[PDB]
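Novice: I am attaching a structure below and will ask some questions about it afterwards.
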Amino acid sequence: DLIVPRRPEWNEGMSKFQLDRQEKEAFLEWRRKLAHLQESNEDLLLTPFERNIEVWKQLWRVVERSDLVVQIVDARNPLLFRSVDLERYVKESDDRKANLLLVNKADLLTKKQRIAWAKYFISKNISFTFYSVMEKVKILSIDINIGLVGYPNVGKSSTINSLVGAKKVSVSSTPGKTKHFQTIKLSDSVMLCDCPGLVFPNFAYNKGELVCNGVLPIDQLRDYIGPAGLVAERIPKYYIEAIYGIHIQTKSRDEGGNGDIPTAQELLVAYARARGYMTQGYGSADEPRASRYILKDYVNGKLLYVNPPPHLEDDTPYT
Amino acid sequence: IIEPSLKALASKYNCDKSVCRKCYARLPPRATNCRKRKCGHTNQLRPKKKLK
Amino acid sequence: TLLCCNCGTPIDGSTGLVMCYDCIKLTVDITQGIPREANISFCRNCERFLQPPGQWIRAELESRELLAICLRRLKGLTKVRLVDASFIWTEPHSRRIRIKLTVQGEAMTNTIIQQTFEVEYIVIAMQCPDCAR
Amino acid sequence: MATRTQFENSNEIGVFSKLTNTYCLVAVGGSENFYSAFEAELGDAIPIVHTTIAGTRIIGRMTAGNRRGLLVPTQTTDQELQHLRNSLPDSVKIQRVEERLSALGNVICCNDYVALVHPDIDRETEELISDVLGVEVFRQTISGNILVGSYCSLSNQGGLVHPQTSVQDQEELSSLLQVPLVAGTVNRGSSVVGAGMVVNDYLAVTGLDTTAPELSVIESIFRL
Amino acid sequence: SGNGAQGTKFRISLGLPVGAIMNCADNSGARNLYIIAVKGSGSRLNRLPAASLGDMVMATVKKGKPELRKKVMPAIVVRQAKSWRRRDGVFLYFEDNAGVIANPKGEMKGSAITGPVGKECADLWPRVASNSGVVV
RNA sequence: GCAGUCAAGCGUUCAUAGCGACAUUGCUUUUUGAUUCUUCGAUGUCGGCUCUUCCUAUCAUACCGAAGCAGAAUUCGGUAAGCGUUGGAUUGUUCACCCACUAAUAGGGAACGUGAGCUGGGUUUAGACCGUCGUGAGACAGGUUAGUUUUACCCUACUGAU
RNA sequence: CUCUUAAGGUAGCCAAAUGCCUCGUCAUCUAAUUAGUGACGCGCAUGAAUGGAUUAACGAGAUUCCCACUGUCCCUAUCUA
Ligand SMILES: [Zn+2]
Ligand SMILES: [Zn+2]
Ligand SMILES: [Zn+2]
């Protein structure tokens with residue numbers, strides 16, 4: 001119901017140590033609000049958030065002076081990327097405001113399925129754009145500070161190139177790099193405030209997650225089985241067979257233990273055997289190593305998949 | 001069932017004694033001077049523990 | 001169609017199960033052998049805490065390597081398939097850290113049960129010896 | 001009555017002993033109180049015979065007997081067979097079987113008037129069993145556990161199975177046998193119910209660890 | 001040694017030492033067991049401990065049901081290939097070394113034993129005899 | 001490194017069951033150091049493997065005593081060194097850390113035992129590569145790789161043999 | 001804006017044959033790994049023909065893991081010249 005606190009009452013004063021005390025007290029209340037959710041929503045379904053205070057204290061220096069912000073979000077699943085409490089947040093101070101949020105990274109989708117998402121907004125009165133009322137298919141970059149903000153890794157450090165395009169800040173494979181906020185100035189009328197790294201918590205689709213598609217590092221993951229299972233659920237096997245060129249199984253376990261569309265334990269037992277990566281002590285498939293190379297290809301763009309917006313649909317994406 | 005007329009007797013030979021703080025040797029309760037030579041015939045004794 | 005064999009009354013399932021949920025909650029325990037309160041050391045200047053022998057891990061308060069150190073500490077949690085190790089909120093000025101743990105302990109014969117239990121971590125001030133116009 | 005004892009320190013009485021309406025069998029490990037679970041419960045009603053077939057003490061899971069016959073594996077010797085023929089009546093027909101399995105009491109769940117047999121038993125023993133015991137057979141399953149005589153105890157008046165038994169299978173075996181039964185564990189949550197006990201019309205025997213809520217269902221289901 | 005052993009055994013020819021990788025008969029999903037240790041098994045310099053039939057071992061699965069592997073578990077060996085001697089004279093052997101998963105109290109995890117079983121194990125471990133279908 | 005003496009206190013009360021500060025007395029040469037007597041017309045120099053023997057400041061085993069010893073389990077102490085004191089991953093390792101069994105997985109010495117007994121992973125010649133330093137030749141107790149391990153037939157000792 | 005007389009490590013890469021602290025941290029492999037692999041990088045002291053990065057094939061090159069194999073080992077025995 002709430003995802004961002006309030007940042008009121010600047011008033012152009014003094015007491016450098018106290019204007020951060022008041023922020024600390026807005027944070028103690030925010031932390032208290034986060035804590036009571038665990039007793040409310042069962043007592044196991046937690047949330048992805050930044051425990052550190054300095055990271056949000058950094059985010060609080062880069063919007064009130066930004067005065068106009070845009071919200072990068074990938075076109076893979078905006079549903080868990082849409083920020084819930086920005087509209088309730090930057091409207092009150094009666095100054096330069098009104099983000100008019102966006103969705104982006106819209107080059108990994110077919111054309112008939114882009115109106116399939118454009119029509120999710122013709123009903124509910126929401127702002128948007130398609131940049132990687134019907135007089136619109138797709139227009140490139142042609143379409144006072146400002147700001148850009150993203151979940152983590154949505155292209156905040158790759159759409160710095162929308163202004164000058166020379167890679168003035170490093171783009172990485174890991175999401176955990178951007179921090180200690182950066183600022184970029186050009187054209188002598190407009191300014192930027194490139195944000196630090198973010199996440200944002202959530203309560204729906206909490207533990208049963210396909211959220212690990214762009215949010216978390218793939219390397220230091222001790223589970224390796226949940227997201228791999230939800231990967232194996234989708235993307236029928238008669239495409240992964242033809243792409244990778246390997247004959248895994250025929251699913252002899254036709255009873256009530258596995259069923260069809262095999263889970264992520266019989267799919268990977270013959271793949272590390274085809275690629276020879278074997279354990280340190282016995283010759284057997286190392287699924288905890290083989291899952292990572294497949295998930296990295298899943299995330300980088302070798303395997304594609306997009307999500308139906310509002311409701312129960314069996315197979316919306318057609319590859 | 002020990003009938004404490006007799007519990008007194010068993011305690012004369014078991015729990016009415018005095019022990020050296022330096023060799024942990026059963027000595028009589030009236031005596032000083034631990035009879036064993038390795039202690040040096042010392043005088044540091046104590047009663048044996050009977051209550052808690 | 002069975003009966004509990006301990007409480008008696010309940011007719012439990014046929015998936016493969018054991019004595020009734022109340023008895024396995026009360027009598028059967030699978031979290032024994034852990035100190036509920038765990039002591040750690042800390043300095044206010046160097047700010048480098050340690051496991052009792054160890055180089056300073058250098059992590060900050062309320063961080064992710066606190067899980068690594070707290071699990072590395074000698075308890076029974078390392079032995080039984082941990083999962084869901086989050087950090088429960090605590091007062092900053094109480095100087096104690098609160099973390100819940102879940103272990104997947106096997107019941108009487110090949111029947112798993114979920115467990116909800118908790119460990120509290122108290123920290124004591126130290127001068128951090130190596131450290132000592 | 002469920003007279004609880006341990007053989008030596010093991011609560012698995014259907015391993016070491018066997019008991020039916022004409023006799024009882026026991027192993028050689030002493031612990032006279034264990035014998036005092038029948039010598040105290042029986043007068044001179046029926047005998048108790050002390051044997052070690054094949055050098056084994058595990059009478060119950062090797063042998064398979066009834067009121068009018070005892071089935072005994074191939075490995076057993078004439079001298080462990082001779083005392084077994086003498087110190088029993090002439091009623092019971094003893095017969096060394098010459099089949100492939102050996103643990104007959106882990107494949108057979110026999111009472112006086114029905115039986116159940118492991119699926120892949122020899123089709124010659126399929127008829128030897130009815131010629132020596134006079135009983136019918138139905139060689140299907142228990143709950144998928146091919147080992148039927150270890151996961152099901154039987155009297156003529158009652159039955160018992162493990163707790164994984166599907167309620168469909170329970171009523172199935174009921175429709176087979178015209179006996180009740182319950183998904184009742186034994187010896188404080190054991191699944192080897194055929195071995196954790198040995199039952200008769202008026203006598204039940206478990207382990208010392210076997211608990212009163214198990215005695216409760218046992219005396220219910222077996223006595224009547 | 002007597003961690004679940006009902007009786008007490010004779011010495012049998014110590015077949016398979018540690019490092020051995022013997023089949024698993026039980027219906028617990030496993031396929032092989034890597035022996036890492038033996039209960040009993042006194043010490044001598046450079047001697048690695050060994051396991052006979054009926055002995056308990058402590059073991060490590062290499063193939064089957066990742067729920068099981070990457071952890072030690074007790075086990076019970078029930079067939080071995082080393083010709084061993086019975087007091088009745090004859091030297092017998094099996095065609096494969098094979099074992100069972102078990103708990104420290106001598107009980108089992110599985111419901112059956114896919115194959116023949118040795119009398120020198122089954123007399124001793126009684127919970128194995130109730131789950132065995134064949135003995136020698 | 002080990003031990004002892006006072007004993008302010010801890011020890012629910014209870015200095016000393018156990019521990020025990022402020023001070024103070026010593027032992028040891030399995031640490032490191034100081035020194036520089038011997039050896040520079042050479043005493044073959046890390047570790048491991050193998051093998052024997054010895055010491056006790058005993059980890060276990062035997063008989064005993066004492067406890068804040070009900071039992072069970074533990075700790076303190078004594079006579080005692082007769083008997084035993086492991087398999088393995090990583091590391092060249094000494095050292096260390098973990099898995100595991102076990103009654104126990106105690107410490108140590110014998111030219112920091114043992115290279116005409118082995119090995120030669122390391123270090124310590126020469127070839128070569130990187131980093132930093134230096135103008136440079138070249139340096140590094142920094143990292144990496146490759147790199148000849150000789151002889152006993154004598155005397156004694158020992159094992160056996162006339 | 002400046003300071004040192006010039007500039008102020010761009011692209012790229014990494015505890016790498018270059019990283020003292022260091023058995024760095026996280027994940028993985030293992031029952032257990034100072035090893036190995038991937039990733040992180042204020043990097044004692046990486047870095048662009050004092051060439052950087054990637055690279056199919058090749059290698060009596062250095063290294064780790066696996067299948068097979070076996071007296072390498074458990075633990076020794078025997079045979080021939
Ligand atoms: Zn004295
Ligand atoms: Zn109950
Ligand atoms: Zn400090």
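By order of appearance in the structure tokens: chains A, B, ..., then residues from 1 within every chain, and ligands from 1 in the order shown.
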Which residues in range 10-161 of chain D does DSSP call strand (DSSP E)? List them as JSON, numbers by chain.
Specialist: {"D": [18, 19, 20, 23, 24, 25, 26, 48, 49, 50, 64, 65, 69, 70, 71, 72, 93, 94, 95, 96, 160, 161]}
Novice: Take the selection from the previous step and output its residues with C-alpha atoms, as a compact mmCIF listing (two decimals), in the first residue's frame.
Specialist:
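File written: again_1.txt
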```
# COMPACT_ATOMS: atom_id res chain seq x y z
CA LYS D 18 5.46 -66.70 15.90
CA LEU D 19 2.10 -67.51 17.44
CA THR D 20 -1.15 -69.04 16.28
CA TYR D 23 1.30 -73.26 18.96
CA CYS D 24 3.97 -70.62 19.47
CA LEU D 25 7.58 -70.28 18.33
CA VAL D 26 10.54 -68.51 19.89
CA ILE D 48 6.07 -72.92 22.90
CA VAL D 49 9.01 -74.26 20.89
CA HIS D 50 12.55 -72.81 20.95
CA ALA D 64 4.99 -68.83 7.86
CA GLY D 65 2.50 -70.89 9.85
CA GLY D 69 0.44 -76.24 8.96
CA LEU D 70 3.80 -74.53 8.97
CA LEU D 71 5.80 -73.40 5.94
CA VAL D 72 9.54 -73.44 6.43
CA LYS D 93 1.96 -80.37 8.39
CA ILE D 94 5.58 -79.24 8.20
CA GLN D 95 7.17 -78.92 4.78
CA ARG D 96 10.55 -77.61 3.64
CA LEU D 160 -3.78 -54.01 10.84
CA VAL D 161 -1.80 -51.98 8.33
```
Novice: Fewer than 2 positions away in the same chain doesn't count, so skip those; otherwise give me all residues within 8 Å of residue 74 in chain G, counting only C-alpha atoms (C1' of nucleotides), as a list in words.
Specialist: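 Residues meeting the cut-off are residues 17, 46, 47 and 48 of chain E.
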Novice: Write out, as a PDB file, in the first residue's frame, the residues just selected, with C-alpha atoms.
Specialist:
```
ATOM      1  CA  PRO E  17      37.438 -50.457   2.367  1.00  0.00           C
ATOM      2  CA  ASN E  46      48.447 -46.313   7.266  1.00  0.00           C
ATOM      3  CA  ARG E  47      45.658 -48.886   7.583  1.00  0.00           C
ATOM      4  CA  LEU E  48      42.452 -47.665   6.165  1.00  0.00           C
TER       5      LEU E  48
END
```
Novice: Taking the DSSP assignment computed from this structure's backbone, write out as a PyMOL selection string all residues of range 192-261 of chain A that belong to helix (DSSP H, G or I).
Specialist: chain A and resi 226-233+237-244
Novice: Selected residues, N, CA, C and O atoms, written as a PDB file, in the first residue's frame, please.
Specialist:
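Written output follows (selection35.pdb):
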```
ATOM      1  N   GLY A 226      14.456 -22.980  -7.339  1.00  0.00           N
ATOM      2  CA  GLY A 226      13.193 -22.294  -7.491  1.00  0.00           C
ATOM      3  C   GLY A 226      13.072 -21.552  -8.811  1.00  0.00           C
ATOM      4  O   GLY A 226      12.193 -21.844  -9.633  1.00  0.00           O
ATOM      5  N   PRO A 227      13.937 -20.553  -9.031  1.00  0.00           N
ATOM      6  CA  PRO A 227      13.907 -19.851 -10.325  1.00  0.00           C
ATOM      7  C   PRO A 227      14.169 -20.765 -11.505  1.00  0.00           C
ATOM      8  O   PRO A 227      13.564 -20.576 -12.566  1.00  0.00           O
ATOM      9  N   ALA A 228      15.038 -21.766 -11.355  1.00  0.00           N
ATOM     10  CA  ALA A 228      15.203 -22.770 -12.399  1.00  0.00           C
ATOM     11  C   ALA A 228      13.926 -23.563 -12.641  1.00  0.00           C
ATOM     12  O   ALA A 228      13.612 -23.873 -13.796  1.00  0.00           O
ATOM     13  N   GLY A 229      13.178 -23.886 -11.584  1.00  0.00           N
ATOM     14  CA  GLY A 229      11.894 -24.541 -11.753  1.00  0.00           C
ATOM     15  C   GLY A 229      10.879 -23.702 -12.497  1.00  0.00           C
ATOM     16  O   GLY A 229      10.200 -24.215 -13.393  1.00  0.00           O
ATOM     17  N   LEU A 230      10.766 -22.420 -12.155  1.00  0.00           N
ATOM     18  CA  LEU A 230       9.869 -21.524 -12.872  1.00  0.00           C
ATOM     19  C   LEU A 230      10.354 -21.221 -14.285  1.00  0.00           C
ATOM     20  O   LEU A 230       9.543 -20.847 -15.138  1.00  0.00           O
ATOM     21  N   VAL A 231      11.647 -21.380 -14.553  1.00  0.00           N
ATOM     22  CA  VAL A 231      12.157 -21.316 -15.918  1.00  0.00           C
ATOM     23  C   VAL A 231      11.723 -22.538 -16.715  1.00  0.00           C
ATOM     24  O   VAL A 231      11.239 -22.412 -17.844  1.00  0.00           O
ATOM     25  N   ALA A 232      11.886 -23.727 -16.138  1.00  0.00           N
ATOM     26  CA  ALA A 232      11.483 -24.967 -16.790  1.00  0.00           C
ATOM     27  C   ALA A 232       9.976 -25.068 -16.989  1.00  0.00           C
ATOM     28  O   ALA A 232       9.541 -25.738 -17.931  1.00  0.00           O
ATOM     29  N   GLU A 233       9.180 -24.432 -16.127  1.00  0.00           N
ATOM     30  CA  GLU A 233       7.728 -24.438 -16.293  1.00  0.00           C
ATOM     31  C   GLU A 233       7.325 -23.840 -17.637  1.00  0.00           C
ATOM     32  O   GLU A 233       6.462 -24.380 -18.338  1.00  0.00           O
ATOM     33  N   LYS A 237       9.612 -27.408 -24.132  1.00  0.00           N
ATOM     34  CA  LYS A 237      10.893 -28.090 -24.295  1.00  0.00           C
ATOM     35  C   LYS A 237      11.265 -28.276 -25.760  1.00  0.00           C
ATOM     36  O   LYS A 237      12.448 -28.454 -26.073  1.00  0.00           O
ATOM     37  N   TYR A 238      10.284 -28.260 -26.663  1.00  0.00           N
ATOM     38  CA  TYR A 238      10.540 -28.426 -28.089  1.00  0.00           C
ATOM     39  C   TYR A 238      11.039 -27.142 -28.759  1.00  0.00           C
ATOM     40  O   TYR A 238      11.048 -27.063 -29.992  1.00  0.00           O
ATOM     41  N   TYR A 239      11.447 -26.142 -27.973  1.00  0.00           N
ATOM     42  CA  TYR A 239      12.302 -25.049 -28.427  1.00  0.00           C
ATOM     43  C   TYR A 239      13.700 -25.124 -27.836  1.00  0.00           C
ATOM     44  O   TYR A 239      14.685 -24.903 -28.549  1.00  0.00           O
ATOM     45  N   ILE A 240      13.805 -25.430 -26.538  1.00  0.00           N
ATOM     46  CA  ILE A 240      15.105 -25.598 -25.902  1.00  0.00           C
ATOM     47  C   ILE A 240      15.855 -26.780 -26.499  1.00  0.00           C
ATOM     48  O   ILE A 240      17.091 -26.763 -26.550  1.00  0.00           O
ATOM     49  N   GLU A 241      15.139 -27.810 -26.956  1.00  0.00           N
ATOM     50  CA  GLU A 241      15.794 -28.918 -27.639  1.00  0.00           C
ATOM     51  C   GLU A 241      16.422 -28.461 -28.947  1.00  0.00           C
ATOM     52  O   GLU A 241      17.607 -28.715 -29.188  1.00  0.00           O
ATOM     53  N   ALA A 242      15.655 -27.772 -29.790  1.00  0.00           N
ATOM     54  CA  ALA A 242      16.144 -27.335 -31.089  1.00  0.00           C
ATOM     55  C   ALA A 242      17.240 -26.285 -30.995  1.00  0.00           C
ATOM     56  O   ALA A 242      18.132 -26.267 -31.851  1.00  0.00           O
ATOM     57  N   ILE A 243      17.203 -25.416 -29.988  1.00  0.00           N
ATOM     58  CA  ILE A 243      18.224 -24.377 -29.859  1.00  0.00           C
ATOM     59  C   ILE A 243      19.542 -24.956 -29.358  1.00  0.00           C
ATOM     60  O   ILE A 243      20.595 -24.735 -29.961  1.00  0.00           O
ATOM     61  N   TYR A 244      19.510 -25.708 -28.256  1.00  0.00           N
ATOM     62  CA  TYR A 244      20.736 -26.222 -27.655  1.00  0.00           C
ATOM     63  C   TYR A 244      21.262 -27.481 -28.334  1.00  0.00           C
ATOM     64  O   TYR A 244      22.430 -27.827 -28.127  1.00  0.00           O
TER      65      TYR A 244
END
```
Novice: Residues within 8 Å of ligand 3, counting only C-alpha atoms (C1' of nucleotides) and all ligand atoms: report them as a list in words.
Specialist: residues 42, 43, 44, 45, 46, 47, 48, 126, 127, 128, 129, 130, 131 and 132 of chain C
Novice: Emit the selected residues as a PDB file, in the first residue's frame, including N, CA and C atoms.
Specialist:
```pdb
ATOM      1  N   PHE C  42      32.506  -6.436  19.682  1.00  0.00           N
ATOM      2  CA  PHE C  42      32.424  -5.265  18.820  1.00  0.00           C
ATOM      3  C   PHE C  42      33.178  -4.110  19.464  1.00  0.00           C
ATOM      4  N   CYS C  43      33.790  -3.254  18.621  1.00  0.00           N
ATOM      5  CA  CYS C  43      34.504  -2.000  19.006  1.00  0.00           C
ATOM      6  C   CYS C  43      33.789  -0.801  18.355  1.00  0.00           C
ATOM      7  N   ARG C  44      33.796   0.372  19.005  1.00  0.00           N
ATOM      8  CA  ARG C  44      33.102   1.575  18.562  1.00  0.00           C
ATOM      9  C   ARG C  44      33.931   2.448  17.628  1.00  0.00           C
ATOM     10  N   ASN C  45      35.258   2.287  17.667  1.00  0.00           N
ATOM     11  CA  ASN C  45      36.170   3.083  16.802  1.00  0.00           C
ATOM     12  C   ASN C  45      36.520   2.270  15.551  1.00  0.00           C
ATOM     13  N   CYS C  46      37.188   1.124  15.732  1.00  0.00           N
ATOM     14  CA  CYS C  46      37.601   0.252  14.598  1.00  0.00           C
ATOM     15  C   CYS C  46      36.366  -0.319  13.890  1.00  0.00           C
ATOM     16  N   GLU C  47      35.315  -0.627  14.658  1.00  0.00           N
ATOM     17  CA  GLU C  47      34.039  -1.184  14.123  1.00  0.00           C
ATOM     18  C   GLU C  47      34.314  -2.482  13.352  1.00  0.00           C
ATOM     19  N   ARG C  48      35.208  -3.328  13.878  1.00  0.00           N
ATOM     20  CA  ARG C  48      35.559  -4.618  13.225  1.00  0.00           C
ATOM     21  C   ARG C  48      35.262  -5.782  14.180  1.00  0.00           C
ATOM     22  N   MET C 126      34.219  -4.057  22.927  1.00  0.00           N
ATOM     23  CA  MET C 126      35.607  -4.486  23.045  1.00  0.00           C
ATOM     24  C   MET C 126      36.500  -3.389  22.478  1.00  0.00           C
ATOM     25  N   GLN C 127      37.767  -3.414  22.891  1.00  0.00           N
ATOM     26  CA  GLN C 127      38.745  -2.391  22.438  1.00  0.00           C
ATOM     27  C   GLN C 127      39.365  -2.844  21.114  1.00  0.00           C
ATOM     28  N   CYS C 128      39.067  -4.083  20.700  1.00  0.00           N
ATOM     29  CA  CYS C 128      39.600  -4.693  19.452  1.00  0.00           C
ATOM     30  C   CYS C 128      41.128  -4.586  19.465  1.00  0.00           C
ATOM     31  N   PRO C 129      41.927  -5.478  20.364  1.00  0.00           N
ATOM     32  CA  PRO C 129      43.342  -5.677  20.730  1.00  0.00           C
ATOM     33  C   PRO C 129      44.395  -5.422  19.638  1.00  0.00           C
ATOM     34  N   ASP C 130      44.150  -5.897  18.412  1.00  0.00           N
ATOM     35  CA  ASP C 130      45.118  -5.702  17.298  1.00  0.00           C
ATOM     36  C   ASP C 130      45.284  -4.203  17.028  1.00  0.00           C
ATOM     37  N   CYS C 131      44.182  -3.448  17.073  1.00  0.00           N
ATOM     38  CA  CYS C 131      44.217  -1.980  16.828  1.00  0.00           C
ATOM     39  C   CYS C 131      45.059  -1.299  17.914  1.00  0.00           C
ATOM     40  N   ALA C 132      44.920  -1.751  19.164  1.00  0.00           N
ATOM     41  CA  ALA C 132      45.678  -1.178  20.302  1.00  0.00           C
ATOM     42  C   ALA C 132      47.115  -1.712  20.289  1.00  0.00           C
TER      43      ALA C 132
END
```
Novice: Just the residues within 8 Å of range 8-19 of chain B, please, counting only C-alpha atoms (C1' of nucleotides), with nothing from its chain fewer than 2 positions along; format it as a ChimeraX atom specification.
Specialist: /B:4-6,21,24-30,45-50
Novice: Define the interface residues of chain C facing chain E as those within 9 Å, counting only C-alpha atoms, and report them as a PyMOL selection string.
Specialist: chain C and resi 79+109-110
Novice: So that each row is one residue of chain D with an atom at most 12 Å from ligand 2, can you give its shortest atom pair and the distance in Å to one decimal, using only C-alpha atoms and all ligand atoms, rows by chain and rising number, as JSON lines?
Specialist:
```
{"residue": "D:189", "atom": "CA", "partner": "ligand 2", "partner_atom_place_in_ligand_line": "1 (Zn)", "distance": 11.8}
{"residue": "D:213", "atom": "CA", "partner": "ligand 2", "partner_atom_place_in_ligand_line": "1 (Zn)", "distance": 9.6}
{"residue": "D:214", "atom": "CA", "partner": "ligand 2", "partner_atom_place_in_ligand_line": "1 (Zn)", "distance": 11.7}
```
Novice: So that I have them on file, write out the residues from the current selection with C-alpha atoms, as a short mmCIF file (atom, residue, chain, number, x, y, z; two decimals), in the first residue's frame.
Specialist:
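Produced file result21.cif, reproduced below:
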```
data_model
loop_
_atom_site.label_atom_id
_atom_site.label_comp_id
_atom_site.auth_asym_id
_atom_site.auth_seq_id
_atom_site.Cartn_x
_atom_site.Cartn_y
_atom_site.Cartn_z
CA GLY D 189 5.27 -45.07 15.36
CA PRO D 213 -2.98 -45.51 22.48
CA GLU D 214 -1.68 -48.34 20.29
#
```
Novice: Give me the residues within 10 Å of range 8-13 of chain F as number ranges by chain, counting only C-alpha atoms (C1' of nucleotides) and dropping any in the same chain fewer than 5 places off.
Specialist: F: 18-22, 68
Novice: Emit the selected residues as a PDB file, in the first residue's frame, including N, CA, C and O atoms (P, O5', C5', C4', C3', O3' and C1' of nucleotides).
Specialist:
```
ATOM      1  P     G F  18      39.162 -28.043  45.045  1.00  0.00           P
ATOM      2  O5'   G F  18      38.488 -27.256  43.842  1.00  0.00           O
ATOM      3  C5'   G F  18      38.159 -27.929  42.641  1.00  0.00           C
ATOM      4  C4'   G F  18      37.739 -26.976  41.559  1.00  0.00           C
ATOM      5  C3'   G F  18      38.657 -25.793  41.320  1.00  0.00           C
ATOM      6  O3'   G F  18      39.785 -26.086  40.521  1.00  0.00           O
ATOM      7  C1'   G F  18      36.463 -25.020  41.513  1.00  0.00           C
ATOM      8  P     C F  19      41.119 -25.208  40.691  1.00  0.00           P
ATOM      9  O5'   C F  19      40.657 -23.728  40.329  1.00  0.00           O
ATOM     10  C5'   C F  19      40.276 -23.417  39.000  1.00  0.00           C
ATOM     11  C4'   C F  19      39.747 -22.012  38.853  1.00  0.00           C
ATOM     12  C3'   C F  19      40.710 -20.872  39.113  1.00  0.00           C
ATOM     13  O3'   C F  19      41.604 -20.628  38.043  1.00  0.00           O
ATOM     14  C1'   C F  19      38.633 -20.396  40.111  1.00  0.00           C
ATOM     15  P     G F  20      42.912 -19.716  38.258  1.00  0.00           P
ATOM     16  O5'   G F  20      42.423 -18.504  39.174  1.00  0.00           O
ATOM     17  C5'   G F  20      41.840 -17.330  38.623  1.00  0.00           C
ATOM     18  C4'   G F  20      41.493 -16.324  39.687  1.00  0.00           C
ATOM     19  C3'   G F  20      42.661 -15.680  40.401  1.00  0.00           C
ATOM     20  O3'   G F  20      43.217 -14.615  39.671  1.00  0.00           O
ATOM     21  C1'   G F  20      41.130 -16.427  41.990  1.00  0.00           C
ATOM     22  P     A F  21      44.695 -14.747  39.083  1.00  0.00           P
ATOM     23  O5'   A F  21      44.849 -13.413  38.237  1.00  0.00           O
ATOM     24  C5'   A F  21      45.365 -12.235  38.825  1.00  0.00           C
ATOM     25  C4'   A F  21      44.292 -11.225  39.147  1.00  0.00           C
ATOM     26  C3'   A F  21      44.811  -9.883  39.630  1.00  0.00           C
ATOM     27  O3'   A F  21      45.231  -9.043  38.573  1.00  0.00           O
ATOM     28  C1'   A F  21      43.108 -10.614  41.077  1.00  0.00           C
ATOM     29  P     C F  22      46.791  -8.705  38.399  1.00  0.00           P
ATOM     30  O5'   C F  22      47.154  -7.948  39.745  1.00  0.00           O
ATOM     31  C5'   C F  22      46.421  -6.801  40.131  1.00  0.00           C
ATOM     32  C4'   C F  22      47.034  -6.100  41.313  1.00  0.00           C
ATOM     33  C3'   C F  22      48.549  -6.144  41.406  1.00  0.00           C
ATOM     34  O3'   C F  22      49.179  -5.149  40.626  1.00  0.00           O
ATOM     35  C1'   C F  22      47.608  -6.740  43.485  1.00  0.00           C
ATOM     36  P     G F  68      29.377 -31.456  47.677  1.00  0.00           P
ATOM     37  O5'   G F  68      28.289 -31.093  46.579  1.00  0.00           O
ATOM     38  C5'   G F  68      27.737 -29.783  46.519  1.00  0.00           C
ATOM     39  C4'   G F  68      27.589 -29.281  45.106  1.00  0.00           C
ATOM     40  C3'   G F  68      28.753 -29.607  44.172  1.00  0.00           C
ATOM     41  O3'   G F  68      28.275 -29.863  42.854  1.00  0.00           O
ATOM     42  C1'   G F  68      28.482 -27.274  44.296  1.00  0.00           C
TER      43        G F  68
END
```
Novice: Got a sec: who's within 12 Å of residue 119 in chain F, counting only C-alpha atoms (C1' of nucleotides), leaving out chain neighbours fewer than 5 positions off, as a PyMOL selection string?
Specialist: chain F and resi 47-50+149
Novice: Any idea what the distance is between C1' of residue 75 in chain G and CA of residue 50 in chain E?
Specialist: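 Answer for the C1' of residue 75 in chain G to CA of residue 50 in chain E separation: 12.9 Å.
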Novice: List all protein, DNA and RNA residues that have any atom at most 8 Å from ligand 1, counting only C-alpha atoms (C1' of nucleotides) and all ligand atoms, and write the list as a PyMOL selection string.
Specialist: chain B and resi 19-25+33-45
Novice: CA of residue 33 in chain E to CA of residue 56 in chain D: how many Å, to one decimal?
Specialist: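 If I compute the distance from CA of residue 33 in chain E to CA of residue 56 in chain D, I get 27.7 Å.
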